[PDB]
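Engineer: take a look and give me a structure for this.
(one chain, ligands or ions: 5)
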Amino acid sequence: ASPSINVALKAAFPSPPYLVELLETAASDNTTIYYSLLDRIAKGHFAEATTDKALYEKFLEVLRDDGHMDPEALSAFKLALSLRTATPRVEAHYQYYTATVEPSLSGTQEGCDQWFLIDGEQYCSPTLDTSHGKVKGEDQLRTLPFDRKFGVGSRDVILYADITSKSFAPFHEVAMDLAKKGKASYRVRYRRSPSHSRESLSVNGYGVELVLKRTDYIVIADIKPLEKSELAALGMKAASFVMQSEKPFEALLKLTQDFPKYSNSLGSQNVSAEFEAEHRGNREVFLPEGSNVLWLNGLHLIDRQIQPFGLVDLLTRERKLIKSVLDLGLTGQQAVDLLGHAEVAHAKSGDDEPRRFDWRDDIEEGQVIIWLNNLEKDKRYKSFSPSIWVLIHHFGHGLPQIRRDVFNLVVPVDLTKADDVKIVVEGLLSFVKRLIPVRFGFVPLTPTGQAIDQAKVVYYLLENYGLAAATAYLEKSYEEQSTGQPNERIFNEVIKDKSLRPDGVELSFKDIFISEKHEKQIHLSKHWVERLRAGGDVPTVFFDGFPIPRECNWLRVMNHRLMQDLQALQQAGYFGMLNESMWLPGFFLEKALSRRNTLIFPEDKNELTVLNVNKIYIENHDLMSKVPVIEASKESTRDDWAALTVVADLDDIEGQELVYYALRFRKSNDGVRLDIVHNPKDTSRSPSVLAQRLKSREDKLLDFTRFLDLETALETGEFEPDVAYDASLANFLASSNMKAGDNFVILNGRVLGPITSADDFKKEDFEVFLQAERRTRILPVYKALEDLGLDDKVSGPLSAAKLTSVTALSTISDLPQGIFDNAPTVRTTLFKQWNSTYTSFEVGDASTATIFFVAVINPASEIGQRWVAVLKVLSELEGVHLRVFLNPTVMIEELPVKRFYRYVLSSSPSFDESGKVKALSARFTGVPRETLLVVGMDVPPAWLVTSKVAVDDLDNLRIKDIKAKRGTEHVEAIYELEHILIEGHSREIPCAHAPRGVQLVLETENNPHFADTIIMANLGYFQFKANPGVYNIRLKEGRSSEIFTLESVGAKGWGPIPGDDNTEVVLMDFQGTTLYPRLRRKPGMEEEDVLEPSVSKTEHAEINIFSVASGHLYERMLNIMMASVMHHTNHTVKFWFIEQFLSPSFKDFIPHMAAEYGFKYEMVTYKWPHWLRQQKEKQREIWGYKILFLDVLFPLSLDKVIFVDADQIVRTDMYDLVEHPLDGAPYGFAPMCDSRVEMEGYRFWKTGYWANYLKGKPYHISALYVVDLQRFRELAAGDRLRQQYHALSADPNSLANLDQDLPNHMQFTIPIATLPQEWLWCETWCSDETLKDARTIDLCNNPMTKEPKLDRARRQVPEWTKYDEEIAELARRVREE
Ligand SMILES: *[C@@H]1O[C@H](CO)[C@@H](O[C@@H]2O[C@H](CO)[C@@H](O[C@@H]3O[C@H](CO)[C@@H](O)[C@H](O)[C@@H]3O)[C@H](O)[C@H]2NC(C)=O)[C@H](O)[C@H]1NC(C)=O
Ligand SMILES: *[C@@H]1O[C@H](CO)[C@@H](O)[C@H](O)[C@H]1NC(C)=O
Ligand SMILES: *[C@@H]1O[C@H](CO)[C@@H](O)[C@H](O)[C@H]1NC(C)=O
Ligand SMILES: *[C@@H]1O[C@H](CO)[C@@H](O)[C@H](O)[C@H]1NC(C)=O
Ligand SMILES: *[C@@H]1O[C@H](CO)[C@@H](O)[C@H](O)[C@H]1NC(C)=O
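Structural biologist: Numbering: from 1, shown residues only. Ligands and ions are numbered 1, 2, ... in the order given. Below you will find the coordinate block:
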């Protein structure tokens, strides 16, 4: 009965058959569920269900009956099925099939509905007698993201099927059995089924907003009554309303959805009931008022993760983790409590801290490091104080001078290499001369003959003659001979003068092979380099025992730690830890290790892989119950307990050497439980045989006095291959992402490898690996666990590993730190302190719940509107517990909620009267008749959405006008999910920086140019607009491919995860594709793209003009603007539009404008980056679109573009603007008119702020401008605009009209070519005499009148009507066509 508004969203691809959708949703990533269901439908079991409802009904009985899902998992299935999560996954198959399969399968297809692909041969029959073709193109056997494999088999078989028909069932069974036997491995790919219709897909999981566009007024429903500004209590009274109700959850939803309407309805019926000013005892301890914060089992979630898709994926990952834990008899409540424990979080913070290695000469008896300094005895520093209090009493970024030993830097240098030598001579010495408070040492590198000799030479020269003489040889050699090889012509000259009085033990001269000097010194040096792995292609520098690889600007890194170490000393001083007679460098060396392993302590800190241990012994029970196992001792303690697994190729020396060390390590440590997995490179001979050889010797293991006893044990015995073992073996490696013939080590779930050489991992290396690992992962689990009194649940080394391995996996973020939020992955328990009686309410059983949600919502917030709606639907799930906290603010200067909100989402699917799946819509009932509203879509981050069907103005909605024009009080609008984003964050390799100005191309097998974009400075950001399918990213041919080669697109994560050295992107989700690509510079380049060492016209048009309109009037005026151009030029024109701000009425009309006026048009858009600062006010968004994304909004093929405002009219042939010389400037603008005489008062750009800032420069107009795009990108102007905007935008009153203000604020930095004023006319600021020579007219605002825009046009321009008539009759001609 009430006046309503209905909004629906539909995808850009047709709806896949429901059957296949349920298969995919059902078996998320468990393959067994997939094929176990694929059997069921190949019976013809699902043939008897006629309707989607019945079909859906059937799946529930099946899953429950076959043991696939429990209540918790079934409930999760329904929600994910509502969300239609599996539909893009299915469309991936189709797009792949349409674009790579069909054009590479030459011949005549008839009867080949289904067909296996074997050895590039197609078989249309199960009986497999005849093969139709040799398939053209690249291999289809590449395993890609949407693939599934069933069984292990040498041969690989693929079936492209249309499951829908009965023709499928026999084909399946042929290969299911073939895989069951073990002949080959089975996988299914899809074929678009023509039994189904081409109807588009109706989506859900988004939000709709109705924004009040007039907020100025403040002192069933007609209009909101504006109430006297007693805003301050809204949050507080609003919070009480709910608490009082006692059906609280529903109140908040009902209140929060229509909140603007209920503002004046609050403060009534002795309203405050402020018992809860009590709970700011809650505020006093933890969070600030009016802040929204969500936690999921301690995990603090960012806003972007708080959508239905983001949340479904989190539960899925979390339950897998918890279920693993609760097979050891822990309640969901106990499990979570252990995960978020204080001792656990402390450990993460603990090894976020730096680990140091002992850089001293002590082991090598002081004969390896050749220092250029001594700060306690150098008579340069003599002037300085040797006092501790010099350190402690410091502030700033300046280096404190001191005569003390406190900071050291040891840099290993190769004396053959010029660049290396140059470091010492220029780099190291300047620092000395400069009186820096750092001691500088260097140790030569000995990887070649010449290097060995030159270390000897320099070492000798130091020993007898001294530092200066040695220094001297080095300096002279660098300039003089310019090579590593020793030069006597250079050497002898040095001794000639520098050989005066070589003290102590005498010089021997001429030739060196001192038994001691060559042996001891060089081999001691080698022992130092080897010990700390300070050599290779990339050497390692040690500052205060902290490894810094010799790359990029390592001194920048050193300076960072130098200040960070100083602050570490200061704090010990204020606690009085320090004293005057102390060796300060040993404050750092307290916990330092003598030996450094790059595997255990990788210098890429992120590099860490942990596996779920319970999973490993559950999935591969067949394998792990038949591996040689050394049980850890009967009589050893819980603290001693640890579990180790060695994966090695026993057909290689390195593989068997590695195991000997592991066995040795086991003899010493009684607490460890060892497992041996034989992973061979060549699988011609069964892996089961060598495993069977050892399990017989299992009892006798580690009784190998010598290595050959192990070697011999491998050779002897006759065995029968357990081919069941072999199958589980190759499944394990596939699950664990391990290659064949690769060596790996696993202690308590953590993987290190591949081990190329067994010398890398020795007995001593296992000991530290256990020592370190023990500390972090095991000791925080043990304490925490015991604190809760769950320490009864640990029954052995394997029992313990399950827990420790699970809790290590809990703290690994999905999102790399520094991108979406800087904050680390630390699970807080800090809200448990909070009193709950009067602000909290809980939903779901805590006793049974596996999922625990903690929401802190401010009722007055607009963000809260979304949060409540989503959380209500996730609360409906069984096995989920939710607890809500309401926290309003007293600080309300402006109206808090200025919109109505509806979230389109259901917890379980809805069905038709005819049993089809119900589409979901946002229906607003009882909308005020007199309020002007704006329709907005609050869509998940990866989505790009535009209006498709609407007859109304969504920018200016009013029921009274629609009623008086259309006769209906009911509004319906349909949107289209046109694109889904592929977005990523780039980095250069190895010295990781964002490559800006790099150009990229997206491609498909059908077309080599889907899309193109350029790399941004901020986070090496880039994006593409695409739909489900298989794509590839190639650097654009030109300068980009000249300078770089991209090793990878980061599709597996930040990584590098092995197996990701790929450039293939696929999108099979509503979350799009997130990528972290890597690019390494080609041989010796410090080059830059941005600086140099008829195309666009042909592709597009003579003239390229772009614009935006945000109303029916402005779109009507835009039609006139385009026409005026056309009449005024005998040239070719192409028009460009900002797609999402335009009406469907306008969108449906243009082809008709294009046919009549003879122009070309193209729709463009870009999605506002997540890092870039948003605009809550739509008009401001629009302005941002014209200036912020100029370089990335238009294809690279476009040389230049021109912006013309919608209200404008042009009498000029527009080419002239193209030909206008810009004098090497990126863009050109026209200034403000000075010509009108008496207008001055309203000329605000002659005031203090604008005249002080614009010293001599003009105040420009954003109605018309030229962008020399090629130059724009070349100058990388965009990046500067974007970062200045982001920086300025922190202040809300910063840019009145950003579009005009940003180019004006940046004209110092970025040149603006100024235009002849023949180019702009405006009555308000230009004289009437001026318009004779006027080229174009903007209709700028009155403001000494109130005459409106429609009036100015008719009065100001007589030919405006002529243009309007032309459009008017055509629109009617179309309507009557
Ligand atoms: C992937 O799906 C399969 C099949 O649905 C899951 O396997 C099933 O796991 C259950 C345990 O949840 C097995 O039941 C029993 O487990 C106990 C464990 O102690 C064991 O002692 C019993 O003998 C029995 O196996 C069940 O047999 C097994 N298969 C089926 C058809 O139910 C598997 O857990 C799923 N994987 C993931 C990642 O969840
Ligand atoms: C209702 O509020 C008024 C004003 O604060 C107060 O005088 C009155 O006592 C309240 N009613 C009750 C039942 O306490
Ligand atoms: C929680 O309430 C109790 C009882 O009034 C009080 O003693 C305690 O301090 C409160 N906690 C906080 C942090 O306000
Ligand atoms: C304190 O002074 C003593 C005495 O000279 C010295 O041996 C030591 O380095 C200092 N610190 C401690 C912990 O004794
Ligand atoms: C278009 O072409 C005609 C014929 O050559 C010419 O007379 C006319 O002036 C041209 N239009 C304009 C405005 O340049």
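Engineer: you'd agree residue 101 is up against residue 158?
Structural biologist: No. Taking contacts as CB atoms under 8 Å, residue 101 lies outside contact range of residue 158: 10.1 Å. Using the backbone N, CA and C atoms, a C-beta is placed for each residue, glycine as well.
Engineer: how about residues contacting the longest helix seen in the chain?
Structural biologist: Longest helix in the chain, counting residues (DSSP state H): helix 554-574. Contacts to helix 554-574, defined as CB atoms under 8 Å, 6 or more residues apart in numbering, come from residues 354, 388-389, 391-392, 394, 397, 399-400, 406-407, 409, 438, 541, 543-544, 546, 548, 578, 584, 587-588.
Engineer: how deep is residue 1328 tucked in, by neighbour count?
Structural biologist: By the criterion of other CB atoms under 10 Å, residue 1328 has 10 neighbours.
Engineer: would you mind listing what in the stretch 51-200 of the chain touches ligand 1?
Structural biologist: Counting by CB under 6 Å from any ligand atom, the residues of the stretch 51-200 of the chain lying close to ligand 1 are 67-68.
Engineer: ok and the residue in the stretch 51-200 of the chain nearest ligand 1?
Structural biologist: residue 67 (3.8 Å; CB to the nearest ligand atom).
Engineer: quick one: that residue and ligand 4, what's the gap?
Structural biologist: 64 Å (CB to the nearest ligand atom, to the nearest Å).
Engineer: could you do residue 280 as well?
Structural biologist: Going from residue 280 to ligand 4 by CB to the nearest ligand atom gives 46 Å.
Engineer: for the closest residue to that residue other than its chain neighbours, which residues are in contact?
Structural biologist: Leaving out its chain neighbours, the residue that sits closest to residue 280 by CB to CB, 6 or more residues apart in numbering is residue 289, at 7.8 Å. By CB under 8 Å, 6+ apart, the contact set of residue 289 is 235, 280, 283, 858, 887-891.
Engineer: out of those residues, which end up buried?
Structural biologist: Buried subset of the contacts of residue 289 (neighbour count, 16 or more other CB atoms under 10 Å): 235, 858, 887-889.
Engineer: out of these, which is nearest to ligand 3?
Structural biologist: residue 887 (13.7 Å).
Engineer: thought the closest one was touching residue 860?
Structural biologist: No. Counting by CB under 8 Å, residue 887 stays clear of residue 860, with 9.9 Å between them.
Engineer: overlap in contacts, those two.
Structural biologist: Residues touching both residue 887 and residue 860 (CB under 8 Å, 6+ apart): residue 290.
Engineer: OK, contacts around the residue most central in space within the chain?
Structural biologist: Closest to where the C-alpha atoms of the chain average out (CA atoms, centre = their mean) is residue 1074, at 5.4 Å. By CB under 8 Å, 6+ apart, residue 1074 lies in contact with 983-984.
Engineer: C-terminal to the helix or strand encompassing it, what's the next element?
Structural biologist: Residue 1074 belongs to strand 1073-1075 when assigned by DSSP states H and E. With elements assigned by DSSP H and E, the helix or strand that comes after strand 1073-1075 is strand 1078-1081.
Engineer: neighbouring contacts of that next one?
Structural biologist: Looking at what lies outside strand 1078-1081 - CB under 8 Å, 6+ apart - the contacts are 986-990, 995, 998, 1035, 1043-1048, 1050, 1056.
Engineer: just the closest residue of this structure to ligand 5, please.
Structural biologist: residue 1130 (3.7 Å).
Engineer: so what's the closest residue to that residue other than its chain neighbours up against?
Structural biologist: Ranked by CB to CB, 6+ apart and with sequence neighbours excluded, the top spatial neighbour of residue 1130 is residue 1213, at 7.4 Å. Under the criterion of CB under 8 Å, 6+ apart, the neighbours of residue 1213 are 1128-1131.
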